[PDB]
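Residue numbers (full-length UniProt numbering), protein chains in the order written: chain Y, 19 to 49; chain L, 19 to 49; chain G, 19 to 49; chain C, 19 to 49.
4 protein chains.
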Amino acid sequence: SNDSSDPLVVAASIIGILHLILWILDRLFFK
Amino acid sequence: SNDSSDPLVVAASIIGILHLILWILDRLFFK
Amino acid sequence: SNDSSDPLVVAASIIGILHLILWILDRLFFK
Amino acid sequence: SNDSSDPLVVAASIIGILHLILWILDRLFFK
Ligand SMILES: Brc1ccc(C[NH2+][C@]23C[C@H]4C[C@H](C[C@H](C4)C2)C3)s1
């Protein structure tokens, strides 16, 4: 399980997607 | 196909490049 | 050690997490 | 060469580091 997939890869996607949620919301209210 | 390449890797590039398009445009109009 | 894990992967996580620390702090003071 | 290392990985690092150069400069002048 872990060997077939490392948590680093999952975190990478989460960091990008998660950041977008906050960053998108910031610009969502105003351009 | 999928085994040789996971969608997570592709998404990572898209997230970075995609975000840049929006982030770049924001600063494109003004410094 | 290095072969089992490349520094590029580690740097990637650091770049995302590190950037968040600075970016988060910027928005931390003000929305 | 290419098989041992894909351009996607290299681009990922460049995207993060490159973005930081521009993003850092923006905040460099002002907080
Ligand atoms: Br900057 C930055 C944002 C996201 C980053 C993670 N990218 C990778 C690309 C590929 C190599 C590793 C692990 C997976 C797949 C995610 C790093 S680096």
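For every residue, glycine included, the Cβ atom is placed at its ideal position computed from N, Cα and C.
I think residue i touches residue j, with their Cβ atoms under 8 Å apart; what is that distance to the nearest whole Å?
i	j	result
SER23 (chain L)	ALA29 (chain C)	Not confirmed; about 14 Å, so no contact.
Just to confirm, does residue i get its C-beta within under 7 Å of one of the non-hydrogen atoms of ligand 1?
i	result
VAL28 (chain L)	no
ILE33 (chain C)	yes
What residues from chain C crowd round residue i, counting only those whose CB sits closer than 8 Å?
i	result
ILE33 (chain G)	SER31, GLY34, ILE35 and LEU38
Interface residues of chain Y around residue i at Cβ under 7 Å?
i	result
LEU26 (chain L)	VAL27 and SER31
Taking the Cβ atom as the reference point for each residue, do residue i and residue j lie within a distance shorter than 8 Å?
i	j	result
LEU26 (chain C)	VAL27 (chain L)	yes
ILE39 (chain Y)	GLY34 (chain G)	no
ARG45 (chain G)	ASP44 (chain Y)	yes
Just the chain Y side, please: which residues come within less than 9 Å of residue i by C-beta, in chain order?
i	result
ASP44 (chain L)	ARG45 and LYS49
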